[PDB]
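Asks:
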Amino acid sequence: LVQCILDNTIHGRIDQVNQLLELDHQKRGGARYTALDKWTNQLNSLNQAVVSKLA
Amino acid sequence: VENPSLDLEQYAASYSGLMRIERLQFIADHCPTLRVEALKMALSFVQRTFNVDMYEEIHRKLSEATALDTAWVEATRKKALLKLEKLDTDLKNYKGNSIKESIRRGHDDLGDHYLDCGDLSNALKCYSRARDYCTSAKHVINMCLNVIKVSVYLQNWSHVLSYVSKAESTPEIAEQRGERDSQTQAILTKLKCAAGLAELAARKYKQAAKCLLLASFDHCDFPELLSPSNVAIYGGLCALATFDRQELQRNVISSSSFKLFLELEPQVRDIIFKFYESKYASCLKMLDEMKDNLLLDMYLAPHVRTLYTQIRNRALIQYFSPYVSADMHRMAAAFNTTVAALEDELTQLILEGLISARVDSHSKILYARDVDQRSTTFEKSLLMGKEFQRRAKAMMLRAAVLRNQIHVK
Amino acid sequence: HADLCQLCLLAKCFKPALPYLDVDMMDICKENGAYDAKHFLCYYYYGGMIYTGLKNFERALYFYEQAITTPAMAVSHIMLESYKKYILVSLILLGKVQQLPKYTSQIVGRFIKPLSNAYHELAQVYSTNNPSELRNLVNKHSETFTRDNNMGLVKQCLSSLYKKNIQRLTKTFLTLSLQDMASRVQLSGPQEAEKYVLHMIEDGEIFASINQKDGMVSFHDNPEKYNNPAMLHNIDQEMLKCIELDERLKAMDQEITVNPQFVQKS
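Those sequence lines, one after another, are chains P, X and W.
Okay, so the first sequence: first residue is 1 according to the numbering used here, each after it adds one.
Okay, so the second sequence: first residue is 56 according to the numbering used here, each after it adds one.
Okay, so the third sequence: first residue is 465 according to the numbering used here, each after it adds one.
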């Protein structure tokens with residue numbers, strides 16, 4: 001399982017304390033959040049650009 | 056205490072020029088209970104190649120740190136001066152002869168004399184003078200290789216990089232995509248090895264591994280720049296420390312050309328194979344065992360320790376790659392350390408963001424934290440908005456004070 | 465405004481000046497050309513001191529920064545004291561000295577900095593996260609802080625170093641022993657660490673719980689899911705502030721457009 005996960009063949013993780021394999025049936029449409037993060041970063045950069053022009 | 060892996064006779068006979076002299080000097084400088092043996096072999100075996108000045112330097116350092124048969128050394132010095140003057144006169148005669156072959160042979164003898172004499176300033180002056188005289192690509196190649204060698208001897212890597220870049224960019228971007236692979240042109244492996252040594256010595260391990268892994272055993276039969284054993288050592292250590300799993304797999308284990316280098320030094324091959332197959336107790340134990348030999352090296356020792364830590368850190372990260380909850384006791388056993396030291400190391404790794412995890416010191420379990428993308432996006436946006444409002448309300452006040460032309464006189 | 469702030473500072477009555485410090489200044493009365501830059505500098509300095517007295521370190525830092533970034537060509541004692549207190553407040557509220565805005569006078573920023581070297585080295589040793597060295601250096605320049613009357617802020621920096629170390633402990637640990645925490649952040653005692661963490665949770669600066677059965681502290685770094693009407697109201701208030709800011713900007717823009725000198729120069 002470790003070898004297969006390291007090879008990106010198996011999308012999951014291992015509970016060593018419980019002796020489990022939890023698969024990765026997750027990662028829904030969160031591209032909206034990444035888009036919002038990029039918007040926030042661009043907005044911060046534009047803030048520093050506009051505010052510091054002259055005054 | 057006992058190790059039959061070192062074939063001293065073959066190792067000594069494999070080297071030519073000043074390389075072995077520097078090698079024995081470097082090992083004997085900081086080796087315990089072996090300096091006397093190295094000095095004995097240096098005094099008894101290597102008497103040629105004009106060993107006079109460094110003998111006096113060794114005498115001076117052993118005397119202050121802890122008559123004579125001067126006729127022979129003076130005669131040899133005067134003979135060298137007379138030979139240099141005769142070669143200069145012959146070079147002037149060749150210049151007056153207006154023959155390209157004559158001047159080329161004169162330059163060849165001058166380069167050979169500079170190689171066997173050790174003088175470098177006049178060599179640099181002659182190279183600067185002759186750089187403007189280029190007619191054929193092959194001669195430029197030989198002179199570039201010679202200047203690369205003298206820059207390596209001078210330990211000046213900027214010139215090495217500049218000449219390498221010039222050589223690569225001269226023939227229409229390295230012959231476009233690439234010609235038929237090396238059949239008998241061993242020059243490309245030599246220049247790649249020189250560039251790898253230069254980049255490794257410049258605290259750039261990743262590029263050194265990238266441009267050193269592209270070597271062929273059939274074309275690495277020049278034991279005057281970098282021996283196959285330490286070439287394999289460098290190509291294994293740098294790749295283990297800097298390459299990720301995918302490119303390490305596709306460039307070391309999958310590479311069949313590097314297999315010969317790996318079997319030449321079985322320790323590095325075993326290290327890489329054990330690291331790749333999630334084995335760290337044996338891998339780190341063998342790394343520690345080989346560290347003593349690695350420190351006695353010349354071109355790797357100052358860069359060994361950091362590399363080692365990098366390797367360990369990589370292992371650490373890999374050990375937690377397939378886990379969302381891991382046992383600290385098993386992790387410590389796999390990394391040959393106590394639970395407290397492992398906890399401290401993982402705390403340091405988490406602090407710098409290399410590992411996204413949290414340590415539970417009650418049950419001694421390393422859990423994996425999952426960043427909530429929604430919550431972190433919301434908090435980052437709110438913080439950005441607050442910063443925007445503060446910046447804008449400061450800018451408005453600045454505009455107000457500049458409109459009033461308010462300033463301190 | 466400067467005189468009111470000075471009177472509130474000298475009389476130790478900071479509450480009356482609060483409504484006249486919470487609002488953001490836009491445009492300055494000319495006072496027939498008798499409004500000196502000293503009034504501006506001292507008003508912002510006294511507002512910063514009033515806010516530091518009331519533990520409002522964010523607005524105090526804003527006031528100190530506004531006082532510092534006044535254009536100048538000489539050295540002012542108000543500006544230097546504002547620089548020192550700004551460094552201290554940035555070390556208290558944040559873990560580092562906040563970078564000054566780019567639109568500051570390039571000449572006044574080369575002479576004031578060497579004068580306030582003790583505070584800069586205080587920040588330098590603060591960034592090492594070692595309370596012992598911080599205390600040693602505080603004792604080394606105790607005279608400078610006592611003469612400038614910055615004592616009390618230095619002790620606040622000393623306590624904020626411990627608080628920041630405890631907060632950083634949560635960036636790595638889910639659960640930690642009292643003895644381990646005390647040894648890591650150098651409080652020399654599980655009871656002192658427990659009291660520190662209890663006060664930190666009480667003020668809301670940290671999310672943690674204490675289990676006295678095992679003498680353990682567990683950090684629950686899952687405060688909010690951003691899915692409740694309270695966050696809706698918070699975002700509404702932020703949006704209202706931004707909208708009023710934009711309305712003020714548009715009003716200023718229209719005023720500058722209607723000005724007769726404009727367009728003629730363009």
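The beta carbon of each residue, even a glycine, is placed where N, CA and C say it ideally should be.
Give me the DSSP bridge partner(s) of P/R13.
Replies: P/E22.
Asks: Using the Cα positions of X/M74 and X/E156, report the straight-line distance between them to the nearest angstrom.
Replies: 31 Å
Asks: To the nearest angstrom, how far is the alpha carbon of W/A531 from that of W/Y507?
Replies: 8 Å
Asks: Please list the residues of the region 362-391 of chain X that have a C-beta atom closer than 8 Å to any C-beta atom in chain P, keeping them in chain order.
Replies: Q373, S376, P377, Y378, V379, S380, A381, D382, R385
Asks: Residues of chain P with a CB under 7 Å from the CB of X/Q428: which are they?
Replies: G30, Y33
Asks: Exposed or buried, W/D644, counting other C-beta atoms within 10 Å across all chains shown (16 or more means buried)?
Replies: buried
Asks: Spell out whether any CB of chain P is found under 7 Å from the CB atom of W/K479.
Replies: no
Asks: Residues of chain W with CB closer than 7 Å to the CB of X/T402, please, in chain order.
Replies: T636
Asks: In the DSSP assignment, what residue or residues form a beta bridge with X/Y422?
Replies: Note: X/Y422 sits in a beta bridge opposite X/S380, X/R413.
Asks: Quick check on W/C472: buried or exposed, where buried means 16 or more other Cβ atoms within 10 Å of its Cβ?
Replies: buried
Asks: When you check each C-beta in the region 44-55 of chain P against every C-beta of chain W, which residues fall closer than 9 Å?
Replies: Residues of the region 44-55 of chain P that bring their beta carbon within less than 9 Å of a beta carbon in chain W comprise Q48, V51, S52, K53, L54, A55, in sequence order.
Asks: Any beta carbon of chain W sitting closer than 7 Å to that of X/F433?
Replies: Yes, X/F433 counts as interfacial toward chain W.
Asks: Report the CB separation of W/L557 from W/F521 in whole angstroms; it is logged as a contact under 8 Å.
Replies: The beta carbons of W/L557 and W/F521 sit about 4 Å from each other, so the pair counts as a contact at 8 Å.
Asks: Please determine if the region 511-528 of chain W and the region 538-556 of chain W are in contact, where contact requires at least 3 C-beta pairs separated by less than 8 Å.
Replies: yes
Asks: Provide the residue(s) that pair with W/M664 in DSSP beta bridges, ordered along the chain.
Replies: According to DSSP, W/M664 bridges with nothing at all.
Asks: Whole alpha helix (DSSP H) runs in the region 591-621 of chain W with 4 or more residues, listed along the chain?
Replies: 595-604, 606-611
Asks: Please classify X/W127 as buried or exposed, where buried requires at least 16 neighbouring CB atoms within 10 angstroms.
Replies: exposed
Asks: DSSP three-state label for W/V561, please.
Replies: coil
Asks: Measure from the C-beta of X/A296 to each C-beta in chain P and report whether the shortest distance is under 7 Å.
Replies: Not an interface residue.
Asks: What does X/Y422 reach in chain C if we use C-beta pairs closer than 7 Å?
Replies: Checking the listed chains, one finds no chain C in this structure; the protein chains it contains are P, X and W.
Asks: Output the boundary residues of the beta strand (DSSP E) element that contains residue 763 of chain W.
Replies: Not covered by the structure: residue 763 of chain W. The range shown for chain W is 465 to 730.
Asks: Listing by chain order, which chain W residues have their CB less than 7 Å from the CB of X/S416?
Replies: Per Cβ cutoff of 7 Å: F637, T639, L640, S641, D644.
Asks: Run through chain X and tell me which residues come within less than 8 Å of P/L6, C-beta to C-beta.
Replies: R300, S333, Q373, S376, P377
Asks: Over what stretch of residues does the beta strand (DSSP E) that includes W/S647 continue unbroken?
Replies: Here W/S647 belongs to no beta strand (DSSP E); instead the alpha helix (DSSP H) covers 642-649.
Asks: Give the secondary structure of X/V215 by DSSP, where H, G and I count as helix, E and B as strand, and everything else as coil.
Replies: X/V215: helix per DSSP, three-state reduction.
Asks: Might you give, ordered along the chain, the residues of its own chain that have their beta carbon closer than 8 Å to the beta carbon of W/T639, omitting 5 neighbours on each side?
Replies: If we look at W/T639 and ignore the five residues flanking it on each side, its Cβ neighbours are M680, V681, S682, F683.
Asks: Does the beta-carbon of X/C189 have 16 or more other beta-carbons within 10 angstroms, so that it is buried, or is it exposed?
Replies: exposed
Asks: Closer than 7 Å by beta-carbon distance: list the chain X residues that pair up with residue 56 of chain P, in chain order.
Replies: Chain P is shown from 1 up to 55; residue 56 of chain P falls before or after that span and cannot be answered.
Asks: May I ask you to report which of helix, strand or coil DSSP gives W/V722?
Replies: DSSP places W/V722 in the helix class (H, G or I) of the three-state scheme.
Asks: Whole angstroms is fine: what's the gap from W/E585's alpha carbon to W/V602's?
Replies: Rounded to the nearest angstrom, the two C-alpha atoms are 10 Å apart.
Asks: Would you identify the three-state DSSP class for X/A257, choosing helix, strand or coil?
Replies: coil
Asks: Is P/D15 close to chain X, meaning its C-beta is less than 7 Å from at least one C-beta of that chain?
Replies: yes
Asks: Between X/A389 and X/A336, how many whole angstroms is the CB-CB distance? I'm expecting something under 8 Å.
Replies: Taking a contact as a CB-CB distance under 8 Å, the pair X/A389 and X/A336 counts as one, their CB atoms being some 5 Å apart.
Asks: Please report how far the alpha carbon of X/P377 lies from the alpha carbon of X/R413, in whole angstroms.
Replies: 15 Å
Asks: Hey, W/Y567 and P/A55 are a contact pair by Cβ (cut 8 Å); roughly how many whole angstroms apart?
Replies: 6 Å
Asks: Exposed or buried, which one is X/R115 when buried takes at least 16 other CB atoms within 10 Å?
Replies: Looking at its Cβ environment, which holds fewer than 16 other Cβ atoms inside 10 Å, X/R115 is exposed.
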